[PDB]
Structures are given as C-alpha cells and as structure tokens.
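Engineer:
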Amino acid sequence: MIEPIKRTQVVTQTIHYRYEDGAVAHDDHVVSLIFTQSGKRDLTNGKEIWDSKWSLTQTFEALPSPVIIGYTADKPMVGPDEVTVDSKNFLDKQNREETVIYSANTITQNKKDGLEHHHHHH
Numbered sequence: 001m002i003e004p005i006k007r008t009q010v011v012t013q014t015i016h017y018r019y020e021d022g023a024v025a026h027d028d029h030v031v032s033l034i035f036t037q038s039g040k041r042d043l044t045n046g047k048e049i050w051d052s053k054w055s056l057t058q059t060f061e062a063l064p065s066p067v068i069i070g071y072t073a074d075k076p077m078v079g080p081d082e083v084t085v086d087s088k089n090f091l092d093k094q095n096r097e098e099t100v101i102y103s104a105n106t107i108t109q110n111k112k113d114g115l116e117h118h119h120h121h122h
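Taking the deposited numbering, I'd label the letters of the sequence shown as residues 1 to 122.
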C-alpha cells in the first residue's frame, strides 16, 4: 500500500519600497508562491519516493507598486516572470528580498532604463 505525500516550498520575497533618497515608502511587503512537489510513500519499508523530475511553474506577479507623484519606480511590477522551481532547487529558496527605487519621474528624467525588458517568448 502507498499513501499520498508532498514537499511544499514557498518562495517568500520581501519587497522594500524605497525612494532614490533612500527614504522607506514601506519595507515589509512580502509575497509567497507555493510550489508543491507531490510524491508517494511506500508503507512497507516506509520509504518516500518523491518525483525527482517534478518541476512546477508559478507566475511571479500580483505584487503592485504605489504610483507616487513626481516619481517612477525602478520596477513598477516586481519580477514579471513564470518562475519554475524544480526538484533540484526545490528545497532551496531562490528569491528572498526586493528593493524597488522610486526616483524622480521620467518627466524630469532621461530614460536611464531602455534596454527593452527581456522576457520569455516561449
């Protein structure tokens, strides 16, 4: 006989909203994505057979950024990417902390960022 088991990792990233002055808009805005490696347990030996190829994708998004007057965030959307946590990196976290920087608005600023944000085409 077998029983259903699972490893449950969460990628817990703490977004620190700050300005270019270094002033803290809000330090503790913490997102978590739940990655669940389901396995199965042999009851006879007691051994736990986790799927070593198990790789779950989860869209890192849904973390906002307060639109501040005369300010432009460095990232107004924190990590816009479908991040896959697989069995090899499963037990480790990958993301821990963010720090967005609200600098003076692009009204009074030249395009310091304009390298075209490289995302997945698939």
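Backbone N, C-alpha and C fix where the C-beta goes; we use that ideal spot for every residue, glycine too.
Could you check which residue in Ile68, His26, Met77 and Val85 has the C-alpha nearest to that of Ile107?
Structural biologist: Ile68
Engineer: Just to confirm before moving on: does the CB-CB distance between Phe90 and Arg7 stay below 9 Å?
Structural biologist: yes
Engineer: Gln9 to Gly70, Cα distance in whole Å?
Structural biologist: 39 Å
Engineer: Pick out whichever of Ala104, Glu98, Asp51 and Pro80 has its Cα sitting closest to the Cα of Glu20.
Structural biologist: The closest CA to that of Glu20, considering only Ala104, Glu98, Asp51 and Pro80, is found on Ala104.
Engineer: Run the CB neighbour count on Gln13, radius 10 Å, all protein chains shown included, and call it buried at 16 or more, exposed below.
Structural biologist: buried
Engineer: Distance check for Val11 and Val100, CA to CA, integer angstroms please.
Structural biologist: So the alpha carbons of these two residues sit roughly 18 Å apart.
Engineer: Are the CB atoms of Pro80 and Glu61 nearer to each other than 9 Å?
Structural biologist: yes
Engineer: Taking its Cβ as the centre, do 16 or more other Cβ atoms sit within 10 Å of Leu33, making it buried, or is it exposed?
Structural biologist: Sixteen is the threshold: when 16 or more other Cβ atoms of the shown chains lie within 10 Å of the Cβ of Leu33, as they do, the residue is buried.
Engineer: What would DSSP say about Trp54, mapped onto helix, strand or coil?
Structural biologist: coil
Engineer: Using the C-alpha atoms, what's the distance from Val83 back to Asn45?
Structural biologist: Spanning the alpha carbons of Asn45 and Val83 requires a straight line of approximately 35 Å.
Engineer: Out of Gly39, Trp50, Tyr102 and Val85, state which residue places its alpha-carbon closest to the alpha-carbon of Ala23.
Structural biologist: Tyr102
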